[PDB]
Amino acid sequence: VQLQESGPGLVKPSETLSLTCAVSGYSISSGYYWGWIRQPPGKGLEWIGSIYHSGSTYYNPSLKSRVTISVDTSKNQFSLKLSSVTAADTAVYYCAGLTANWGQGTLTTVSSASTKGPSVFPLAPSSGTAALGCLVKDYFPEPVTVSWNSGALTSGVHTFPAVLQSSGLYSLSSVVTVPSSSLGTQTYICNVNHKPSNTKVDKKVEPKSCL
Amino acid sequence: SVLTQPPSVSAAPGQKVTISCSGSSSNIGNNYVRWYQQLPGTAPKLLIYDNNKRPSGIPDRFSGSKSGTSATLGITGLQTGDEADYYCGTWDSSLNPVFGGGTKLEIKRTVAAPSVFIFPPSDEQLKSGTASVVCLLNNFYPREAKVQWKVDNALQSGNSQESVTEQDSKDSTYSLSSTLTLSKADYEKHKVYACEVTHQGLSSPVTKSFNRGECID
């Protein structure tokens with residue numbers, strides 16, 4: 001059983017948020033209930049609503065007039081419609097259901113700012129452990145994902161929380177420590193993905209010529 | 001968030017912690033309590049249901065109980081990797097789900113001094129008109145750390161930002177990244193760029209620095 005959210009990373013204020021949850025490995029009409037729960041950044045969980053076996057819906061009373069939850073039996077998905085959104089609706093949205101199974105969650109940002117793809121700069125190693133990394137700068141909105149060597153390199157990796165610059169754009173760094181002896185033989189590539197702007201970059205990080 | 005949890009709890013490896021969850025008679029008072037573990041970047045995972053029942057896959061290090069309008073999560077034999085946000089949940093009087101604000105668990109490992117690295121801006125970025133200088137503080141404990149930037153011995157105040165990782169799943173340490181941002185023109189007006197680090201595990205402050213023009217490519 002797999003649940004997978006899909007939807008925009010960015011929504012303008014007063015518009016309608018629209019999300020879908022693809023259910024794999026299970027029939028949606030065989031489910032006890034299907035629902036949505038959200039989590040504002042750095043905060044706790046808040047239940048939005050659920051649709052049950054009969055199709056009967058129950059919504060969070062503070063959100064009721066803005067929420068619609070329905071089911072697509074042919075696509076084997078259910079959805080969430082949240083109208084008239086404001087910055088207060090910025091959160092990670094999870095779909096869930098009882099066969100409970102949770103999805104990965106998808107971050108939705110409500111902002112009047114626009115989508116912007118990142119630039120990727122190397123944090124190149126130089127003068128028995130060396131540190132290196134990638135600076136993922138000036139993007140909007142969150143999130144970005146970073147891996148190293150297409151997943152093959154995980155030990156010693158630290159991908160930091162993004163910081164909101166005063167420009168209104170996010171910046172993030174991802175580093176890794178490796179043996180110094182490997183700098184001349186091992187290739188290190190950071191894999192950067194910014195789905196809101198549909199931007200993917202594979203950046204090779206090479207030792208600096210320092211003197 | 002409806003239920004009340006403490007912001008954080010902490011103890012050493014192998015020890016036990018308990019996490020409290022306070023509600024009222026209309027929720028926890030009348031209804032079952034469940035618990036979740038949320039590791040950074042992941043969805044909450046069910047640890048306890050029906051007050052004290054463990055789902056398949058959850059070790060008996062985790063336990064739950066309920067007394068009146070409060071519930072309690074117990075975690076014995078604390079391990080690195082147990083660091084997470086923990087949530088209690090129940091149903092209100094309308095039988096709708098409600099949740100606590102969460103509790104972050106910290107593992108109290110031994111003091112570890114940070115390894116410090118500094119990165120000059122890339123020529124590539126310099127062509128884009130800006131210079132980001134990055135200082136890395138790697139695998140230290142505890143969290144408290146002080147990073148001070150100096151440019152030609154001038155203390156930098158207000159033009160840097162930092163962020164910290166969560167405790168590492170393998171050694172329970174933190175890491176910190178600090179970025180000093182200058183315009184290209186400003187960057188080319190100075191020589192010495194230095195990051196000075198203060199931490200409990202260091203007998204005296206450590207400084208890593210470079211001179212503009214030492215590195216290429």
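Farthest toward the dipole's positive end in the protein assembly as shown, which of A:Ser27, B:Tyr87, B:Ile19, given Cβ charges of +1 (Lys, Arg) and -1 (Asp, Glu) about the Cα centre?
A:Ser27
State to the nearest 20 debye the size of the charge dipole of region B:110-217 about its Cα centre, where the only charges are +1 on K and R beta carbons and -1 on D and E beta carbons.
Working: 10 positive and 13 negative charges, 47 e Å.
Once rounded to the nearest 20, the dipole reads 220 debye.
If you look at just the Cα atoms of chain B, how large are its Rg and its Dmax in Å?
That works out to 23.2, 70 Å for Rg and Dmax.
What is the spin-label model distance, in nm, from A:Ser29 to B:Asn153 if the labels are put 7 Å beyond Cα along the C-beta direction?
8.1
List the trypsin sites (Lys or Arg not before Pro) in region A:2-79 that DSSP assigns to loop (not H, G, I, E or B) and whose Cβ has at most 14 other Cβ atoms within 10 Å. Which are they? If you can, show how the numbers build up before the last one.
On the way: sites: A:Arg38, A:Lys43, A:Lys64, A:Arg66, A:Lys75; in loops: A:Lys43, A:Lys75.
Loop-located and lightly packed - A:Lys43, A:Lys75.
Let me know the number of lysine pairs in region B:145-217 closer than 20 Å at the Cα, not counting same-chain pairs under 8 apart.
7
Counting pairs on different chains as well as pairs 8 or more places apart, how many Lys pairs in chain A have Cα atoms under 14 Å apart? Could the numbers behind the result be given before it?
Details: A:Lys64/A:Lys81; A:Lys116/A:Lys137; A:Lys116/A:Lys195; A:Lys116/A:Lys200; A:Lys137/A:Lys200; A:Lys137/A:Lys203.
The result is 6.
Let's test the formula: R0 of 60 Å, r as the Cβ-Cβ distance of B:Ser183 and A:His53. What FRET efficiency results, to the nearest 0.05? Numbers along the way, then the final one.
Working: r = 61 Å, r/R0 = 1.02.
That pair, B:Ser183 with A:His53, gives E of 0.45.
Find the relative contact order for region B:49-110 and round it to a whole percent, using C-alpha pairs within less than 8 Å whose residues are 6+ positions apart. Don't jump to the answer; show the numbers that get you there.
On the way: 70 pairs, mean separation 13.8, N = 62.
Reported relative contact order: 22 percent.
Tell me, Kirkwood radius of region B:43-128 from alpha-carbon pair distances, in Å? Mind showing how you got there, number by number?
Numbers: mean 1/r = 0.0594 Å⁻¹.
Hydrodynamic radius (Kirkwood, Cα only) of region B:43-128 equals 16.8 Å.
Given Cβ point charges of +1 (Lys, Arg) and -1 (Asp, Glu) and nothing else, what value in debye, to the nearest 20, does the dipole of region A:1-112 about its Cα centre take?
Details: 7 positive and 5 negative charges, 27 e Å.
Dipole size: approximately 120 debye.
So if I take the alpha carbon set of the protein assembly as shown, get Rg, then get Rh from the Kirkwood formula, what is the Rg over Rh ratio? If you can, show how the numbers build up before the last one.
Working: Rg = 23.9 Å, Rh = 23.8 Å.
Rg/Rh for the protein assembly as shown comes to 1.00.
With charges only on Cβ, +1 for K and R and -1 for D and E, what is the dipole size of the protein assembly as shown about its Cα centre, in debye, rounded to 20? Intermediate values should be presented prior to the final figure.
Numbers: 34 positive and 29 negative charges, 72 e Å.
Charge dipole of the protein assembly as shown: 340 debye, to the nearest 20.
Any idea what diffusion coefficient region A:113-206 gets from Stokes-Einstein, in µm²/s, Kirkwood Rh on alpha carbon pairs, 20 °C, 1.002 mPa s?
Working: Rh = 13.6 Å.
Value of D from the Cα-based Kirkwood radius: 157 µm²/s.
Excluding B:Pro55 itself, what net charge comes from residues whose Cβ is under 15 Å from its Cβ, given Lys and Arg +1 and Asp and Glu -1?
Details: positive: B:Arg34, B:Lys45, B:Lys53, B:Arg54, B:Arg61; negative: B:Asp50, B:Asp60.
Cβ neighbours under 15 Å give a net charge of +3.
Could you give me D for chain A, from Stokes-Einstein at 10 °C and 1.306 mPa s, where the hydrodynamic radius is the Kirkwood radius over C-alpha pairs? Units µm² s⁻¹, please. Could you put the intermediate results ahead of the total?
Working: Rh = 19.3 Å.
The Stokes-Einstein estimate is 82 µm²/s.
Neighbour counts are summed over all protein chains in view; Cβ atoms, including those assigned to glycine, are modelled from backbone coordinates with ideal geometry. No lab work stands behind these numbers, since they all come straight from the coordinates.
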